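*Asks:* no FASTA, just this:
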Ligand SMILES: O=C(O)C1=C[C@@H](OP(=O)(O)O)[C@@H](O)[C@H](O)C1
Ligand SMILES: O=C(O)C[NH2+]CP(=O)(O)O
(Lines give C-alpha, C1' and ligand atoms only; values in the text may rest on other atoms or scores of the structure.)
(Ligands and ions follow the chains in the order given, each with its own letter.)
Protein backbone atom coordinates (compact mmCIF):
# COMPACT_ATOMS: atom_id res chain seq x y z
CA UNK A 1 0.00 0.00 0.00
CA UNK A 2 2.61 2.51 1.10
CA UNK A 3 6.26 2.28 0.07
CA UNK A 4 8.61 4.24 2.32
CA UNK A 5 11.90 5.67 1.07
CA UNK A 6 14.98 7.07 2.81
CA UNK A 7 17.38 9.78 1.55
CA UNK A 8 20.98 9.82 2.78
CA UNK A 9 23.66 12.50 2.95
CA UNK A 10 25.23 12.73 -0.46
CA UNK A 11 28.43 13.86 -2.16
CA UNK A 12 28.09 16.63 -4.73
CA UNK A 13 25.31 16.13 -7.24
CA UNK A 14 26.57 16.48 -10.77
CA UNK A 15 25.20 16.23 -14.27
CA UNK A 16 22.90 17.65 -16.93
CA UNK A 17 19.33 16.39 -17.20
CA UNK A 18 16.19 17.14 -19.20
CA UNK A 19 13.33 17.69 -16.73
CA UNK A 20 9.97 16.00 -17.44
CA UNK A 21 7.16 17.98 -19.07
CA UNK A 22 5.08 20.64 -17.41
CA UNK A 23 2.04 19.14 -15.63
CA UNK A 24 -0.26 22.16 -16.07
CA UNK A 25 0.41 22.46 -19.80
CA UNK A 26 0.25 18.67 -20.26
CA UNK A 27 -3.24 18.48 -18.70
CA UNK A 28 -4.44 21.24 -21.03
CA UNK A 29 -2.79 19.66 -24.09
CA UNK A 30 -4.92 16.52 -23.62
CA UNK A 31 -8.04 18.59 -22.89
CA UNK A 32 -7.73 21.12 -25.67
CA UNK A 33 -6.42 18.59 -28.16
CA UNK A 34 -9.37 16.34 -27.30
CA UNK A 35 -11.89 19.15 -27.75
CA UNK A 36 -10.52 20.85 -30.86
CA UNK A 37 -11.40 20.12 -34.47
CA UNK A 38 -8.89 17.86 -36.17
CA UNK A 39 -5.49 16.62 -35.07
CA UNK A 40 -3.26 17.87 -32.26
CA UNK A 41 0.32 16.61 -31.92
CA UNK A 42 2.12 16.88 -28.58
CA UNK A 43 5.82 16.43 -27.83
CA UNK A 44 7.33 16.50 -24.34
CA UNK A 45 4.10 15.51 -22.56
CA UNK A 46 4.34 14.65 -18.88
CA UNK A 47 3.31 11.00 -18.50
CA UNK A 48 2.67 11.13 -14.76
CA UNK A 49 -0.55 9.63 -13.40
CA UNK A 50 -2.41 12.93 -13.08
CA UNK A 51 -2.03 13.66 -16.79
CA UNK A 52 -2.83 10.13 -17.84
CA UNK A 53 -6.11 10.37 -15.88
CA UNK A 54 -7.06 13.53 -17.76
CA UNK A 55 -6.31 11.75 -21.03
CA UNK A 56 -8.58 8.84 -20.07
CA UNK A 57 -11.40 11.26 -19.16
CA UNK A 58 -11.12 12.88 -22.61
CA UNK A 59 -11.15 9.45 -24.34
CA UNK A 60 -14.32 8.65 -22.38
CA UNK A 61 -15.95 11.63 -24.06
CA UNK A 62 -14.96 10.84 -27.63
CA UNK A 63 -11.39 11.99 -28.16
CA UNK A 64 -9.00 9.51 -29.76
CA UNK A 65 -5.61 9.63 -28.08
CA UNK A 66 -2.56 7.58 -29.02
CA UNK A 67 1.23 7.76 -28.73
CA UNK A 68 3.28 7.41 -31.91
CA UNK A 69 7.02 7.36 -31.26
CA UNK A 70 7.55 10.22 -28.79
CA UNK A 71 4.51 12.22 -29.94
CA UNK A 72 1.01 12.01 -28.55
CA UNK A 73 -1.54 12.43 -31.35
CA UNK A 74 -5.12 13.40 -30.61
CA UNK A 75 -8.15 13.46 -32.90
CA UNK A 76 -10.49 15.96 -31.27
CA UNK A 77 -14.26 16.07 -31.30
CA UNK A 78 -14.65 19.78 -32.17
CA UNK A 79 -15.95 22.43 -29.76
CA UNK A 80 -19.42 21.40 -28.59
CA UNK A 81 -18.73 17.83 -29.65
CA UNK A 82 -18.02 16.06 -26.36
CA UNK A 83 -20.00 12.84 -25.90
CA UNK A 84 -21.75 11.82 -22.66
CA UNK A 85 -19.43 9.59 -20.63
CA UNK A 86 -20.67 6.07 -19.82
CA UNK A 87 -19.12 5.93 -16.36
CA UNK A 88 -17.68 8.34 -13.77
CA UNK A 89 -14.60 10.32 -14.82
CA UNK A 90 -11.88 9.15 -12.40
CA UNK A 91 -9.32 11.83 -11.76
CA UNK A 92 -7.27 9.95 -9.22
CA UNK A 93 -5.16 12.52 -7.40
CA UNK A 94 -5.56 15.26 -10.03
CA UNK A 95 -7.30 18.42 -8.98
CA UNK A 96 -6.23 20.30 -12.15
CA UNK A 97 -7.86 17.73 -14.40
CA UNK A 98 -10.92 17.40 -12.19
CA UNK A 99 -11.69 21.10 -11.74
CA UNK A 100 -10.97 22.13 -15.32
CA UNK A 101 -13.04 19.23 -16.68
CA UNK A 102 -15.97 20.14 -14.41
CA UNK A 103 -16.10 23.48 -16.17
CA UNK A 104 -15.54 21.96 -19.59
CA UNK A 105 -18.28 19.37 -19.44
CA UNK A 106 -20.62 20.65 -16.76
CA UNK A 107 -22.22 22.99 -19.31
CA UNK A 108 -23.12 20.10 -21.66
CA UNK A 109 -26.70 18.80 -21.65
CA UNK A 110 -25.86 15.38 -20.22
CA UNK A 111 -24.76 14.00 -16.85
CA UNK A 112 -21.13 13.69 -15.83
CA UNK A 113 -19.83 12.23 -12.58
CA UNK A 114 -16.46 13.00 -11.03
CA UNK A 115 -14.60 10.79 -8.56
CA UNK A 116 -11.07 10.53 -7.28
CA UNK A 117 -8.74 9.15 -4.66
CA UNK A 118 -8.68 9.55 -0.87
CA UNK A 119 -6.79 12.84 -1.18
CA UNK A 120 -8.82 14.46 -3.99
CA UNK A 121 -12.10 13.42 -2.35
CA UNK A 122 -11.39 15.64 0.70
CA UNK A 123 -10.57 18.77 -1.32
CA UNK A 124 -12.90 21.71 -1.99
CA UNK A 125 -14.82 21.84 -5.28
CA UNK A 126 -17.11 24.73 -4.29
CA UNK A 127 -14.75 27.24 -5.81
CA UNK A 128 -15.63 25.92 -9.29
CA UNK A 129 -19.10 24.57 -8.61
CA UNK A 130 -20.35 28.01 -7.51
CA UNK A 131 -19.68 29.77 -10.82
CA UNK A 132 -21.01 26.71 -12.66
CA UNK A 133 -24.30 27.00 -10.72
CA UNK A 134 -24.47 30.59 -11.97
CA UNK A 135 -24.09 29.36 -15.57
CA UNK A 136 -27.08 27.03 -15.12
CA UNK A 137 -25.35 23.76 -14.20
CA UNK A 138 -27.23 21.51 -11.74
CA UNK A 139 -24.89 20.08 -9.10
CA UNK A 140 -25.10 17.05 -6.81
CA UNK A 141 -22.16 16.89 -4.41
CA UNK A 142 -21.17 15.50 -1.04
CA UNK A 143 -21.39 17.83 1.98
CA UNK A 144 -18.95 20.70 1.78
CA UNK A 145 -19.05 20.47 -2.05
CA UNK A 146 -16.66 17.46 -2.15
CA UNK A 147 -16.47 14.50 -4.56
CA UNK A 148 -18.21 12.46 -5.75
CA UNK A 149 -19.93 15.15 -7.79
CA UNK A 150 -22.50 14.77 -10.59
CA UNK A 151 -23.13 17.68 -12.93
CA UNK A 152 -26.00 18.14 -15.41
CA UNK A 153 -25.76 21.04 -17.80
CA UNK A 154 -28.71 23.16 -19.03
CA UNK A 155 -29.89 23.06 -22.62
CA UNK A 156 -28.48 26.59 -23.05
CA UNK A 157 -25.84 27.72 -20.51
CA UNK A 158 -25.78 31.30 -19.15
CA UNK A 159 -22.62 33.33 -19.72
CA UNK A 160 -21.34 35.17 -16.67
CA UNK A 161 -18.75 37.69 -15.51
CA UNK A 162 -16.94 36.07 -12.58
CA UNK A 163 -14.44 37.73 -10.25
CA UNK A 164 -12.25 34.90 -8.84
CA UNK A 165 -12.23 35.21 -5.01
CA UNK A 166 -8.89 33.52 -4.39
CA UNK A 167 -5.71 33.34 -6.52
CA UNK A 168 -6.77 30.22 -8.41
CA UNK A 169 -5.76 29.53 -12.01
CA UNK A 170 -8.08 26.47 -11.86
CA UNK A 171 -11.20 28.50 -11.09
CA UNK A 172 -10.29 31.00 -13.82
CA UNK A 173 -9.71 28.02 -16.15
CA UNK A 174 -12.94 26.17 -15.31
CA UNK A 175 -15.06 29.26 -16.00
CA UNK A 176 -13.27 29.91 -19.30
CA UNK A 177 -13.64 26.26 -20.38
CA UNK A 178 -17.35 26.35 -19.46
CA UNK A 179 -17.57 29.45 -21.63
CA UNK A 180 -16.46 27.49 -24.69
CA UNK A 181 -19.89 25.86 -24.91
CA UNK A 182 -21.86 28.87 -23.71
CA UNK A 183 -23.38 31.40 -26.12
CA UNK A 184 -22.32 34.99 -25.55
CA UNK A 185 -19.25 36.41 -23.83
CA UNK A 186 -17.88 34.82 -20.68
CA UNK A 187 -15.64 37.09 -18.63
CA UNK A 188 -13.26 36.17 -15.82
CA UNK A 189 -11.81 38.94 -13.67
CA UNK A 190 -8.60 37.93 -11.91
CA UNK A 191 -7.51 40.48 -9.29
CA UNK A 192 -4.08 38.86 -8.90
CA UNK A 193 -2.37 37.04 -11.76
CA UNK A 194 -2.18 33.25 -11.72
CA UNK A 195 -0.55 30.87 -14.25
CA UNK A 196 -1.95 31.70 -17.67
CA UNK A 197 -1.66 28.49 -19.62
CA UNK A 198 -5.40 28.36 -20.36
CA UNK A 199 -5.46 31.85 -21.88
CA UNK A 200 -2.31 31.37 -23.95
CA UNK A 201 -3.22 27.91 -25.21
CA UNK A 202 -6.85 28.72 -26.04
CA UNK A 203 -5.58 31.69 -28.08
CA UNK A 204 -3.18 29.28 -29.82
CA UNK A 205 -6.11 26.99 -30.61
CA UNK A 206 -7.92 29.89 -32.27
CA UNK A 207 -10.32 30.96 -29.54
CA UNK A 208 -11.53 34.57 -29.58
CA UNK A 209 -10.08 35.20 -26.11
CA UNK A 210 -8.55 38.50 -25.03
CA UNK A 211 -6.73 39.56 -21.87
CA UNK A 212 -6.74 43.21 -20.77
CA UNK A 213 -4.54 44.16 -17.83
CA UNK A 214 -5.24 47.34 -15.87
CA UNK A 215 -2.22 49.31 -14.67
CA UNK A 216 -3.18 48.06 -11.18
CA UNK A 217 -2.63 44.49 -12.35
CA UNK A 218 -6.26 43.31 -12.49
CA UNK A 219 -6.84 41.06 -15.50
CA UNK A 220 -10.11 41.04 -17.45
CA UNK A 221 -10.27 37.91 -19.62
CA UNK A 222 -13.02 37.72 -22.23
CA UNK A 223 -13.99 34.66 -24.21
CA UNK A 224 -16.54 34.43 -27.03
CA UNK A 225 -18.34 31.10 -26.65
CA UNK A 226 -19.19 28.38 -29.14
CA UNK A 227 -16.34 29.32 -31.45
CA UNK A 228 -14.19 26.94 -33.46
CA UNK A 229 -11.02 25.47 -31.98
CA UNK A 230 -8.42 24.01 -34.34
CA UNK A 231 -5.94 21.24 -33.51
CA UNK A 232 -2.34 22.37 -32.98
CA UNK A 233 1.24 21.23 -32.70
CA UNK A 234 2.25 21.59 -29.04
CA UNK A 235 5.78 21.42 -27.67
CA UNK A 236 5.50 21.02 -23.88
CA UNK A 237 8.27 22.80 -21.91
CA UNK A 238 10.00 21.30 -18.87
CA UNK A 239 8.11 21.52 -15.57
CA UNK A 240 9.52 24.34 -13.33
CA UNK A 241 7.89 22.75 -10.27
CA UNK A 242 9.60 19.38 -10.92
CA UNK A 243 12.79 21.33 -11.65
CA UNK A 244 12.76 22.70 -8.12
CA UNK A 245 13.80 19.34 -6.63
CA UNK A 246 17.15 18.79 -8.37
CA UNK A 247 17.67 22.57 -8.35
CA UNK A 248 17.27 22.97 -4.60
CA UNK A 249 19.22 19.75 -4.02
CA UNK A 250 22.16 21.12 -6.03
CA UNK A 251 22.07 24.41 -4.07
CA UNK A 252 22.19 22.55 -0.76
CA UNK A 253 24.47 19.56 -1.34
CA UNK A 254 28.11 20.76 -1.19
CA UNK A 255 30.22 20.17 -4.29
CA UNK A 256 27.26 20.24 -6.70
CA UNK A 257 26.92 21.44 -10.29
CA UNK A 258 23.66 20.46 -11.98
CA UNK A 259 22.19 21.77 -15.23
CA UNK A 260 18.49 21.28 -15.93
CA UNK A 261 17.46 21.63 -19.56
CA UNK A 262 14.39 23.14 -21.21
CA UNK A 263 12.77 24.67 -18.12
CA UNK A 264 9.57 26.74 -18.48
CA UNK A 265 10.34 30.34 -17.40
CA UNK A 266 6.85 31.92 -17.62
CA UNK A 267 6.97 34.40 -14.70
CA UNK A 268 3.77 33.04 -13.16
CA UNK A 269 5.83 29.92 -12.49
CA UNK A 270 9.16 31.24 -11.30
CA UNK A 271 8.56 32.69 -7.86
CA UNK A 272 10.82 30.09 -6.23
CA UNK A 273 13.79 30.90 -8.48
CA UNK A 274 13.36 34.62 -7.68
CA UNK A 275 13.14 33.82 -3.97
CA UNK A 276 16.20 31.52 -3.98
CA UNK A 277 18.21 34.16 -5.85
CA UNK A 278 17.31 36.67 -3.13
CA UNK A 279 18.56 34.10 -0.62
CA UNK A 280 21.92 34.00 -2.42
CA UNK A 281 21.44 31.00 -4.73
CA UNK A 282 23.78 30.51 -7.68
CA UNK A 283 21.30 29.82 -10.50
CA UNK A 284 22.46 30.71 -14.02
CA UNK A 285 19.77 31.22 -16.69
CA UNK A 286 21.27 29.98 -19.97
CA UNK A 287 20.07 30.34 -23.57
CA UNK A 288 16.65 31.93 -22.87
CA UNK A 289 14.51 31.11 -25.91
CA UNK A 290 11.02 30.63 -27.29
CA UNK A 291 9.88 27.03 -27.64
CA UNK A 292 6.32 25.89 -28.24
CA UNK A 293 5.10 29.42 -27.69
CA UNK A 294 6.59 29.61 -24.19
CA UNK A 295 9.72 31.07 -22.64
CA UNK A 296 12.23 28.37 -21.71
CA UNK A 297 15.86 28.34 -20.61
CA UNK A 298 18.45 25.95 -19.23
CA UNK A 299 19.42 26.42 -15.58
CA UNK A 300 22.89 25.73 -14.24
CA UNK A 301 22.81 25.37 -10.47
CA UNK A 302 25.81 25.27 -8.13
CA UNK A 303 26.18 24.77 -4.35
CA UNK A 304 25.39 27.95 -2.48
CA UNK A 305 25.28 29.39 0.98
CA UNK A 306 21.73 30.68 1.64
CA UNK A 307 20.36 33.38 3.95
CA UNK A 308 16.81 33.73 5.23
CA UNK A 309 14.45 36.16 3.55
CA UNK A 310 10.92 37.53 3.72
CA UNK A 311 8.64 35.96 1.08
CA UNK A 312 5.64 38.32 0.69
CA UNK A 313 2.05 37.22 0.25
CA UNK A 314 1.77 38.70 -3.23
CA UNK A 315 4.46 36.37 -4.57
CA UNK A 316 2.55 33.26 -3.51
CA UNK A 317 0.54 32.66 -6.73
CA UNK A 318 3.78 32.49 -8.75
CA UNK A 319 5.24 29.74 -6.54
CA UNK A 320 2.34 28.18 -4.66
CA UNK A 321 3.42 24.58 -5.36
CA UNK A 322 7.02 25.36 -4.38
CA UNK A 323 6.50 26.21 -0.72
CA UNK A 324 7.33 22.67 0.45
CA UNK A 325 10.74 22.66 -1.24
CA UNK A 326 11.40 26.32 -0.28
CA UNK A 327 10.78 25.38 3.37
CA UNK A 328 13.40 22.62 3.08
CA UNK A 329 15.85 25.14 1.55
CA UNK A 330 15.12 27.55 4.41
CA UNK A 331 15.98 24.81 6.88
CA UNK A 332 19.62 25.14 5.71
CA UNK A 333 19.73 28.91 5.39
CA UNK A 334 21.35 31.39 7.80
CA UNK A 335 18.66 33.04 9.90
CA UNK A 336 14.91 33.18 9.57
CA UNK A 337 12.76 32.86 6.46
CA UNK A 338 9.14 34.03 6.80
CA UNK A 339 6.38 33.15 4.33
CA UNK A 340 2.83 34.49 4.61
CA UNK A 341 -0.34 34.40 2.49
CA UNK A 342 -0.31 30.58 2.59
CA UNK A 343 -4.01 29.78 3.11
CA UNK A 344 -4.21 27.93 -0.22
CA UNK A 345 -1.63 25.40 0.93
CA UNK A 346 -4.16 23.93 3.35
CA UNK A 347 -6.40 22.67 0.55
CA UNK A 348 -3.85 20.96 -1.75
CA UNK A 349 -3.15 17.22 -2.14
CA UNK A 350 -2.40 17.44 1.60
CA UNK A 351 -2.78 20.39 3.97
CA UNK A 352 0.77 21.35 2.99
CA UNK A 353 1.33 23.94 5.67
CA UNK A 354 0.63 21.32 8.33
CA UNK A 355 2.52 18.52 6.52
CA UNK A 356 5.60 20.66 5.93
CA UNK A 357 5.69 22.01 9.50
CA UNK A 358 5.28 18.53 10.97
CA UNK A 359 7.87 17.07 8.60
CA UNK A 360 10.36 19.80 9.48
CA UNK A 361 9.84 19.33 13.23
CA UNK A 362 10.21 15.56 12.97
CA UNK A 363 13.57 16.26 11.34
CA UNK A 364 14.80 18.71 13.99
CA UNK A 365 14.02 22.01 12.36
CA UNK A 366 13.07 25.11 14.33
CA UNK A 367 9.91 26.44 12.65
CA UNK A 368 6.65 28.15 13.63
CA UNK A 369 3.41 27.21 11.87
CA UNK A 370 0.80 29.96 11.70
CA UNK A 371 -2.75 29.68 10.37
CA UNK A 372 -1.53 31.15 7.07
CA UNK A 373 2.25 31.45 7.44
CA UNK A 374 5.45 29.63 8.20
CA UNK A 375 8.71 30.84 9.80
CA UNK A 376 11.76 28.57 9.40
CA UNK A 377 15.16 29.11 11.06
CA UNK A 378 17.98 27.19 9.43
CA UNK A 379 21.09 25.22 10.34
CA UNK A 380 23.48 25.65 7.38
CA UNK A 381 25.75 22.73 8.29
CA UNK A 382 22.78 20.38 8.63
CA UNK A 383 23.96 19.18 12.03
CA UNK A 384 21.21 17.75 14.20
CA UNK A 385 18.76 17.72 11.27
CA UNK A 386 17.06 14.64 9.86
CA UNK A 387 15.86 11.79 12.06
CA UNK A 388 18.37 9.30 13.42
CA UNK A 389 15.63 7.00 14.68
CA UNK A 390 14.33 6.54 11.14
CA UNK A 391 10.89 7.99 11.91
CA UNK A 392 9.01 8.69 8.71
CA UNK A 393 7.53 11.94 7.47
CA UNK A 394 3.75 11.66 6.93
CA UNK A 395 3.29 12.46 3.24
CA UNK A 396 -0.51 12.48 3.35
CA UNK A 397 -0.71 11.21 -0.26
CA UNK A 398 1.16 14.28 -1.47
CA UNK A 399 3.92 13.81 -4.03
CA UNK A 400 5.69 17.10 -3.13
CA UNK A 401 5.83 16.33 0.57
CA UNK A 402 7.48 13.04 -0.37
CA UNK A 403 9.94 14.65 -2.79
CA UNK A 404 10.83 17.71 -0.66
CA UNK A 405 11.77 15.61 2.33
CA UNK A 406 13.77 13.16 0.27
CA UNK A 407 15.73 16.21 -0.94
CA UNK A 408 16.22 17.25 2.69
CA UNK A 409 17.84 13.91 3.52
CA UNK A 410 20.58 14.46 0.94
CA UNK A 411 21.81 17.35 3.10
CA UNK A 412 20.89 16.65 6.74
CA UNK A 413 23.29 14.98 9.16
CA UNK A 414 20.78 12.20 9.78
CA UNK A 415 18.79 10.46 7.00
CA UNK A 416 15.27 11.53 6.22
CA UNK A 417 12.55 8.95 5.67
CA UNK A 418 9.16 9.50 4.05
CA UNK A 419 6.28 7.11 4.70
CA UNK A 420 5.40 6.70 1.03
CA UNK A 421 6.96 7.31 -2.40
CA UNK A 422 4.04 5.83 -4.36
CA UNK A 423 2.44 9.17 -5.12
CA UNK A 424 5.57 10.71 -6.62
CA UNK A 425 4.50 9.21 -9.96
CA UNK A 426 1.48 11.53 -10.12
CA UNK A 427 3.75 14.37 -11.34
CA UNK A 428 7.32 13.05 -11.64
CA UNK A 429 7.63 9.32 -12.22
CA UNK A 430 11.25 9.88 -13.30
CA UNK A 431 12.18 11.34 -9.85
CA UNK A 432 14.08 8.43 -8.35
CA UNK A 433 16.06 7.69 -11.51
CA UNK A 434 16.78 11.32 -12.22
CA UNK A 435 18.05 12.10 -8.75
CA UNK A 436 20.04 8.87 -8.54
CA UNK A 437 21.65 9.74 -11.86
CA UNK A 438 22.92 12.97 -10.34
CA UNK A 439 24.43 11.10 -7.44
CA UNK A 440 21.63 11.25 -4.85
CA UNK A 441 21.47 8.36 -2.39
CA UNK A 442 17.77 7.52 -2.13
CA UNK A 443 16.56 4.03 -1.41
CA UNK A 444 13.05 2.73 -1.79
CA UNK A 445 12.35 0.52 1.20
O1 LIG B 1 -4.24 25.46 -13.23
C2 LIG B 1 -3.21 24.75 -13.00
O3 LIG B 1 -2.59 24.09 -13.86
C4 LIG B 1 -2.76 24.63 -11.57
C5 LIG B 1 -3.13 25.64 -10.65
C6 LIG B 1 -2.76 25.52 -9.19
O7 LIG B 1 -3.99 25.25 -8.41
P8 LIG B 1 -5.08 26.43 -7.86
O9 LIG B 1 -5.88 27.02 -9.00
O10 LIG B 1 -6.03 25.78 -6.93
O11 LIG B 1 -4.29 27.48 -7.20
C12 LIG B 1 -1.60 24.49 -8.93
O13 LIG B 1 -1.45 24.31 -7.51
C14 LIG B 1 -1.85 23.17 -9.69
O15 LIG B 1 -0.75 22.24 -9.48
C16 LIG B 1 -1.97 23.49 -11.17
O1 LIG C 1 1.18 19.84 -8.22
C2 LIG C 1 1.02 20.48 -7.16
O3 LIG C 1 1.95 20.86 -6.42
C4 LIG C 1 -0.36 20.81 -6.70
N5 LIG C 1 -1.43 20.24 -7.56
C6 LIG C 1 -2.81 20.52 -7.16
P7 LIG C 1 -3.99 19.69 -8.15
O8 LIG C 1 -3.51 19.64 -9.55
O9 LIG C 1 -4.10 18.30 -7.54
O10 LIG C 1 -5.21 20.48 -7.96
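*Replies:* Received it, and whenever you're ready, just let me know what you need. Residues are numbered from 1 along each chain as shown. Ligands and ions are numbered 1, 2, ... in the order given.
*Asks:* Neighbours of whichever residue of the stretch 51-200 of the chain sits closest to ligand 2, how many?
*Replies:* Of all residues in the stretch 51-200 of the chain, residue 95 sits closest to ligand 2, at 2.1 Å by C-beta to the nearest ligand atom. Just so you know, the C-beta spots here come from the backbone N, C-alpha and C atoms, and that holds for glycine as well. Residue 95: 21 surrounding residues under other C-beta atoms under 10 Å.
*Asks:* Just confirm it contacts residue 122, I think it does.
*Replies:* No. Applying C-beta atoms under 8 Å as the test, residue 95 and residue 122 come out as separate, 10.9 Å apart.
*Asks:* interface residues of the stretch 151-300 of the chain facing ligand 2?
*Replies:* residue 241 (C-beta under 6 Å from any ligand atom).
*Asks:* residue boundaries of the strands in the stretch 151-300 of the chain?
*Replies:* All strands of the stretch 151-300 of the chain, identified by DSSP state E, counting those that start in this stretch, fall at 161-163, 185-190, 209-213, 219-224, 233-235, 257-264, 282-291, 294-302.
*Asks:* Would you reformat those as JSON lines and include mean neighbour count?
*Replies:* JSON lines is the format used below for the strands of the stretch 151-300 of the chain (neighbours: other C-beta atoms under 10 Å):
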{"stretch": "strand 161-163", "mean neighbour count": "16"}
{"stretch": "strand 185-190", "mean neighbour count": "21"}
{"stretch": "strand 209-213", "mean neighbour count": "14"}
{"stretch": "strand 219-224", "mean neighbour count": "20"}
{"stretch": "strand 233-235", "mean neighbour count": "19"}
{"stretch": "strand 257-264", "mean neighbour count": "22"}
{"stretch": "strand 282-291", "mean neighbour count": "12"}
{"stretch": "strand 294-302", "mean neighbour count": "20"}
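*Asks:* so can I have CSV of these showing distance to ligand 1?
*Replies:* Shown next, in CSV, are those (distance: least, C-beta to the nearest ligand atom, whole Å):
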stretch, distance to ligand 1
strand 161-163, 14
strand 185-190, 11
strand 209-213, 16
strand 219-224, 14
strand 233-235, 15
strand 257-264, 12
strand 282-291, 19
strand 294-302, 14
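*Asks:* Between those, which one is closest to residue 32.
*Replies:* strand 233-235 (8.4 Å; C-beta to C-beta).
*Asks:* Dihedrals phi and psi, the residue in the stretch 301-445 of the chain positioned nearest to ligand 1?
*Replies:* Taking C-beta to the nearest ligand atom, ligand 1 has its nearest neighbour within the stretch 301-445 of the chain at residue 321, 4.7 Å off. Phi and psi for residue 321, reported as degrees, to the nearest 10, are phi -80, psi -10.
*Asks:* Enumerate every residue touching it.
*Replies:* By C-beta atoms under 8 Å, 6 or more residues apart in numbering, the contact list for residue 321 reads 241, 348, 400.
*Asks:* For ligand 1, what's its nearest residue on the stretch 1-150 of the chain.
*Replies:* residue 24 (3.1 Å).
*Asks:* part of a helix, is that residue?
*Replies:* Yes. Checked against DSSP: H, G, I helix; E, B strand; the rest coil, residue 24 lies within a helix.
*Asks:* Could you report the separation of it from residue 14?
*Replies:* Distance of residue 24 to residue 14, given as C-beta to C-beta, to the nearest Å: 29 Å.
*Asks:* Contacts only, for residue 27.
*Replies:* 50, 51, 54, 94, 96, 97, 100.
*Asks:* now the strands for the stretch 301-445 of the chain?
*Replies:* Going by DSSP E, counting those that start in this stretch, the stretch 301-445 of the chain shows strands at 310-311, 336-339, 366-369, 374-377, 392-393, 416-418, 441-444.
*Asks:* Would you tell me which one of these is buried the most?
*Replies:* Highest mean neighbour count among the strands of the stretch 301-445 of the chain (mean count of other C-beta atoms under 10 Å): strand 416-418, with a mean of 27.
*Asks:* Can you tell me the strand partners of it and which way each runs?
*Replies:* The pairing partners recorded for strand 416-418 under DSSP bridges are strand 5-8 (antiparallel), strand 392-393 (parallel).
*Asks:* Excluding its own residues, what touches that strand? List them.
*Replies:* With C-beta under 8 Å, 6+ apart, strand 416-418 has contacts from 4-7, 363, 386-387, 390-393, 395, 401-402, 405-406, 408-409, 445.
*Asks:* Mark which of those are part of helices, please.
*Replies:* Secondary structure assignment by DSSP state H places 401, 402, 405, 406, 408, 409 of the contacts of strand 416-418 in helices.
*Asks:* Adding neighbour count and distance to residue 329, write the residues you listed out as JSON lines.
*Replies:* Listed next are those as JSON lines, based on neighbours: other C-beta atoms under 10 Å; distance: C-beta to C-beta, whole Å:
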{"residue": "401", "neighbour count": "26", "distance to residue 329": "15"}
{"residue": "402", "neighbour count": "29", "distance to residue 329": "17"}
{"residue": "405", "neighbour count": "32", "distance to residue 329": "12"}
{"residue": "406", "neighbour count": "30", "distance to residue 329": "14"}
{"residue": "408", "neighbour count": "31", "distance to residue 329": "9"}
{"residue": "409", "neighbour count": "28", "distance to residue 329": "14"}
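*Asks:* The residue nearest to residue 172 when sequence neighbours are not counted pairs with what?
*Replies:* Excluding the flanking residues, the one nearest residue 172 by C-beta to C-beta, 6 or more residues apart in numbering is residue 188, at 5.0 Å. Listed beta-bridge partners, residue 188: residue 162, residue 221 (assigned using DSSP bridges).
*Asks:* can I assume the residue of the stretch 1-150 of the chain closest to ligand 1 is in contact with residue 195?
*Replies:* Yes. Using C-beta under 8 Å, residue 24 is in contact with residue 195, at 6.0 Å.
*Asks:* Identify the residues contacting the residue of the stretch 1-150 of the chain closest to ligand 1.
*Replies:* Contacts for residue 24 were tallied using C-beta under 8 Å, 6+ apart; they are 96, 169, 195, 197.
*Asks:* Kindly indicate which of those lies nearest residue 110.
*Replies:* If you rank these by distance to residue 110 using C-beta to C-beta, residue 96 comes first, at 22.8 Å.
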